[PDB]
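This report refers to the structure that appears directly beneath it.
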Amino acid sequence: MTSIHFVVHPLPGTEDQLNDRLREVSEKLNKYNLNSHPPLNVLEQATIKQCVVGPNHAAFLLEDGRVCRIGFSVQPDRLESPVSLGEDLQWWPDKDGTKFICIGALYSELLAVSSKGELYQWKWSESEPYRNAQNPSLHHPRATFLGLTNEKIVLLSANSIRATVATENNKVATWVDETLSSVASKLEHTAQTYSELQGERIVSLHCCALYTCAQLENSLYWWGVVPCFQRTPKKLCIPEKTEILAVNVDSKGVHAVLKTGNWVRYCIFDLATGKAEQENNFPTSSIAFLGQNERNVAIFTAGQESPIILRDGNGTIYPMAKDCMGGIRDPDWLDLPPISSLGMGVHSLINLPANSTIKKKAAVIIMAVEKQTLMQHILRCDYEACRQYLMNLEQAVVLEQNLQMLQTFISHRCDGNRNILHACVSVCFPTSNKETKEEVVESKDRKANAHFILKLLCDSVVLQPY
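This note's numbering applies: residue 38 is where the sequence shown begins, and numbers increase by one.
Rendered as structure tokens:
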């Protein structure tokens with residue numbers, strides 16, 4: 038099971054401010070252990086594939102094919118939880134019984150792609166998605182113009198202003214928000230398979246207001262207005278025999294994570310030279326960043342002007358900050374379970390009084406945080422809860438039941454690739470010389486309980502083989 042948490046951050050801001058938002062959040066999971074609000078409790082047992090923010094609504098795609106959306110409000114308590122939701126959640130008016138494969142967003146409307154490859158339009162102000170009474174498979178009024186009424190869509194990327202798709206037939210197509218229709222005549226293009234993209238499949242798409250990049254099986258290509266029209270896809274100067282782990286875009290250019298044999302480096306690419314304008318090594322081990330499943334690597338970003346969230350091969354938020362040379366600071370750990378999926382979006386704050394210290398913009402971030410129940414008891418120093426869990430896991434071993442639950446717990450990680458015993462040890466750390474001079478859980482009991490927990494874990498027949 039997972040839990041959904043909401044985070045808000047003014048823009049522009051800083052990486053360590055953001056890390057402190059995550060830190061602030063990370064406290065609550067181990068101090069309050071509060072019950073989740075009803076409106077989204079239905080999603081705790083659900084599996085979430087993708088999460089997104091439109092200008093006034095969140096929306097979620099489930100692995101079971103269902104989609105839903107919900108309007109949101111920022112709490113004045115941090116216009117100064119920072120977020121409050123309505124109790125009315127809207128499930129997709131699926132009168133066809135057709136499941137969805139991915140979703141995306143534009144300023145006027147939600148976007149969705151069905152498993153049939155059909156394109157759906159649903160304006161945020163509408164109670165139902167668009168349907169053509171004269172064409173039951175046409176769920177987007179401009180799909181005819183794009184040729185997409187006869188082309189199965191298989192990938193989408195869309196952020197406020199621009200939307201780009203790949204068809205199963207490798208044809209690219211691109212459209213823009215309705216308010217841009219007066220300039221769209223020079224920005225949009227129908228379903229076309231560019232010769233520069235022939236020879237590789239589009240593996241993912243990275244859209245923004247000015248341009249889109251396509252990530253292909255062994256190369257990167259991009260087109261649109263430069264960060265002035267790159268009219269046809271342009272190849273980037275990718276080094277040979279290298280594997281590309283993830284990619285994303287902003288007004289600054291392209292950001293991507295490159296492997297090279299056992300090495301990993303973080304890279305900013307410039308579309309003018311087509312080469313990397315900066316590379317940095319990480320201060321940690323590279324293998325630690327690659328984790329247990331490399332495919333988990335990502336680079337979530339808010340959009341334009343954005344904060345960044347790297348993710349490791351286990352699902353950790355990697356706690357980046359620049360150093361004062363412009364390299365990478367050591368990882369200022371955050372003590373978090375892995376994030377199964379994460380939504381981001383940019384929100385206007387013109388709703389504020391004009392005197393405000395918080396700026397006219399913030400990011401809204403939506404986190405499907407995973408529930409590591411026994412890891413939380415260790416971190417909470419709840420000695421009795423840890424003991425009870427071990428007693429139940431002991432019964433589980435004797436009864437030969439929920440054995441996968443035990444293996445899953447043993448395989449749990451939080452950030453920095455710390456297993457349970459690293460978590461115990463970190464908890465046992467001293468915090469002041471006043472404590473040694475003198476020599477929610479109180480600090481005195483915190484150390485005592487942590488040491489008793491460490492001893493208990495070292496003693497338990499549950500853990501002995503591990």
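All C-beta atoms in this analysis are idealised placements derived from N, C-alpha and C, irrespective of residue type, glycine included.
field: residue 297 versus 39, 310, 318 and 291, residue with shortest Cα-Cα distance
entry: Reading the sequence shown from its first residue, position 260 is the one you call residue 297. Minimum Cα distance to residue 297 is reached at 318.
- prompt: With a CB to CB cut of under 7 Å and the five nearest residues on each side skipped, what residues in its chain are close to residue 170?
  reply: Translated into positions along the sequence shown, residue 170 becomes position 133. So the list is empty, once near-sequence residues are dropped.
message: For a test of the three-state rule: what should DSSP assign to residue 60, helix, strand or coil?
response: On the sequence shown, position 23 is the one that residue 60 refers to. Helix.
query: Along the chain, where does the alpha helix (DSSP H) that runs through residue 113 open and close?
result: Along the sequence shown, read from residue 1 onward, the residue named residue 113 stands at position 76. Residues 113 to 116.
query: Which residues does DSSP pair with residue 366 in a beta bridge?
result: In the sequence shown, the residue the question calls residue 366 occupies position 329. Paired residue(s): none; residue 366 is not in a bridge.
message: Do residue 371 and residue 63 count as a contact pair if the criterion is CB distance below 8 Å?
response: For the purposes of this step, residue 63 is taken as the residue at position 26 of the sequence shown. For the purposes of this step, residue 371 is taken as the residue at position 334 of the sequence shown. Contact: yes.
message: Please list the terminal residues of the continuous alpha helix (DSSP H) segment that includes residue 417.
response: Against the sequence shown, residue 417 aligns to sequence position 380. Unbroken alpha helix (DSSP H) run through residue 417: 410 to 417.
query: Between which two residues does the alpha helix (DSSP H) harbouring residue 421 extend?
result: Within the sequence shown, numbered from 1, the residue matching residue 421 stands at position 384. It spans 420 to 435 - the alpha helix (DSSP H) in which residue 421 sits, taken as one unbroken run.
query: Where residue 225 and residue 167 are concerned, what is the direct C-alpha to C-alpha distance, given to the nearest angstrom?
result: On the sequence shown, residue 225 is found 188 positions in, with the first residue counted as 1. On the sequence shown, residue 167 is found 130 positions in, with the first residue counted as 1. Roughly 21 Å between the two C-alpha positions.
query: Could you give the uninterrupted runs of the beta strand (DSSP E) lying entirely in the segment 446 to 496, keeping only those of 3 residues or more?
result: none
field: Separation of residue 239 from residue 57, as counted between CA atoms
entry: Translated into the one-based positions of the sequence shown, residue 57 becomes position 20. Translated into the one-based positions of the sequence shown, residue 239 becomes position 202. If you take the alpha carbons of residue 57 and residue 239, they lie about 37 Å apart.
field: Exposed unless 16 or more other CB atoms sit within 10 angstroms - verdict on residue 204
entry: Looking up residue 204 in the sequence shown gives position 167. The residue is buried, with at least 16 neighbouring Cβ atoms inside 10 Å.
- request: Within its chain, find whatever has a CB closer than 7 Å to the CB of residue 430; leave out the 5 residues flanking it on each side and keep chain order.
  value: Locating residue 430 in the sequence shown gives position 393, where the first residue counts as 1. Hits under 7 Å: 443 and 499.
field: residue 21 in three-state terms, based on DSSP
entry: The structure shown does not extend to residue 21, since the chain is modelled only from 38 through 503, so no value can be given for it.
Sequence-distant residues of its chain with Cβ nearer than 8 Å to residue 206 (five each side left out): For the purposes of this step, residue 206 is taken as residue 169 along the sequence shown, with counting starting at 1. Result list for residue 206: 188, 189, 228 and 230, in chain order.
field: C-alpha distance - residue 487 paired with residue 71, whole-angstrom precision
entry: One-based indexing of the sequence shown puts residue 487 at position 450. One-based indexing of the sequence shown puts residue 71 at position 34. Using only the alpha carbons, I get a separation of about 22 Å.
query: Roughly how many whole angstroms lie between the Cα atoms of residue 385 and residue 288?
result: As a first step, residue 385 must be located in the sequence shown, where it is residue number 348. As a first step, residue 288 must be located in the sequence shown, where it is residue number 251. Near 18 Å, if we compare the C-alpha coordinates of residue 288 and residue 385.
- prompt: Buried or exposed: where does residue 402 fall if 16 or more other Cβ atoms within 10 Å of its Cβ makes it buried?
  reply: For the purposes of this step, residue 402 is taken as the residue at position 365 of the sequence shown. Residue 402 comes out buried.
- prompt: If you check the beta carbons only, do residue 427 and residue 480 fall under 8 Å apart?
  reply: Taking the first residue of the sequence shown as position 1, residue 427 is located at position 390. Taking the first residue of the sequence shown as position 1, residue 480 is located at position 443. Contact flag unset, no.
For residue 163, the nearest candidate out of 127, 133 and 185 (CA to CA): Mapped onto the sequence shown, residue 163 falls at position 126. Of 127, 133 and 185, the residue nearest in Cα terms is 127.
message: By the DSSP assignment, the alpha helix (DSSP H) with residue 121 in it spans what residues?
response: Within the sequence shown, the letter at position 84 stands for residue 121. Where residue 121 is concerned, there is no enclosing alpha helix (DSSP H), although the beta strand (DSSP E) it sits in stretches over 120 to 122.
message: Let me make sure I understand the geometry here. Which of 306, 388, 180 and 89 has the alpha-carbon closest to that of residue 274?
response: On the sequence shown, residue 274 is found 237 positions in, with the first residue counted as 1. Cα-wise, what sits closest to residue 274 is 306.
message: What ranges does the alpha helix (DSSP H) occupy inside the segment 158 to 186, keeping only unbroken runs of at least 4 residues that lie completely in it?
response: 180 to 183
- prompt: Would the segment 210 to 223 and the segment 137 to 147 be scored as touching if the rule is three or more Cβ pairs under 8 Å?
  reply: yes
- prompt: What do you reckon, are the CB atoms on residue 48 and residue 396 nearer than 8 Å?
  reply: Your numbering for residue 48 matches position 11 in the sequence shown. Your numbering for residue 396 matches position 359 in the sequence shown. In this structure, residue 396 lies closer than 8 Å to residue 48 by Cβ.
- prompt: Whole alpha helix (DSSP H) runs in the segment 279 to 327 with 4 or more residues, listed along the chain?
  reply: 323 to 327
- prompt: Candidates 418, 45 and 125: which alpha carbon is nearest residue 79's?
  reply: Counted from its first residue, the sequence shown places residue 79 at position 42. For residue 79, the nearest C-alpha among the options comes from 125.
- prompt: Do three or more CB pairs link the segment 358 to 372 to the segment 332 to 348 at distances below 8 Å?
  reply: no
query: What does residue 204 pair with, by DSSP beta-bridge criteria?
result: Taking the first residue of the sequence shown as position 1, residue 204 is located at position 167. Paired residues: 190.
query: What residue from 103, 294 and 252 has the CA that sits closest to residue 134's CA?
result: Walking along the sequence shown from the start, residue 134 turns up at place 97. Selected option, being the one with the closest Cα: 103.
field: Length of the line joining the Cα atoms of residue 557 and residue 463
entry: Absent from the model: residue 557. The displayed extent of the chain is 38 to 503, so no value can be given.
field: Beta-carbon proximity of residue 107 to residue 123, cut-off 8 Å
entry: The residue given as residue 107 occupies position 70 in the sequence shown. The residue given as residue 123 occupies position 86 in the sequence shown. Yes. Within cutoff.
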